[PDB]
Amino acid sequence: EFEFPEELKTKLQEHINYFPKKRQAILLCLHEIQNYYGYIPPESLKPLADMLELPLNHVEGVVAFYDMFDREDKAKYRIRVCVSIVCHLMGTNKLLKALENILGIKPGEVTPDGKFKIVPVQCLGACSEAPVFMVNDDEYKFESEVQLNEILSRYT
């Protein structure tokens, strides 16, 4: 009974046609689904599996394995905060505090409006610019609360 909106389905079909074998497109498809819905809806996996010509079992295992995918919480913007060694050393805790001050949430939590989720992540490969965070695909050095507040104001 669950069906992909035509515009999503089109994007999924494009990924599936991109590689030599359909199953190679599984991660690109899941990224696309999460982009569209703000999470991976459990009901989406069955029709995706059909499109990839893969068992549902296989798809569920992949979703579970890969940490970027989230089946539990819908959020418009994922604030990925690096909690690895360099960011920790250079001020992850100040970033987390500034986020709590601005948004009222802690790692793992979503704002009441469904707008922002804080996601603690391993090293983002920008360690010279520690402490690092992303907002969806955008990535930034944290400088201060006033600076962070300005950055977050851009996401509506």
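So that there is no doubt, residue numbering starts at 1 and follows the sequence shown.
Q: Averaging C-alpha B-factors over each stretch, which comes out higher, 117 to 125 or 99 to 107?
A: Looking at the recorded C-alpha B-factors, 99 to 107 comes out higher on average.
Q: Would you determine, from the values in the PDB entry, which of 85 to 93 and 53 to 61 has the greater average C-alpha temperature factor?
A: Going by the record's values, the stretch with the higher mean is 53 to 61.
Q: C-alpha B factor of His15, ranked within the chain: lowest, middle or highest third?
A: Answer is middle: the recorded C-alpha B-factor places it there.
Q: Select lowest, middle or highest to describe the third in which the CA B-factor of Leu48 falls within its chain in this entry.
A: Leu48: CA B-factor falls in the highest third of its chain.
Q: By the record's CA B-factor, is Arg78 among the lowest, middle or highest third of residues in the chain?
A: It falls in the bottom third of the chain.
Q: Is the Cα B-factor recorded for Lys21 in the lowest, middle or highest third of its chain?
A: Ranked within chain, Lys21 CA B lands in the middle tercile.
Q: Based on the entry's values, in what third of the chain does the Cα temperature factor of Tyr66 lie: lowest, middle or highest?
A: Tercile = lowest for this residue's CA B-factor.
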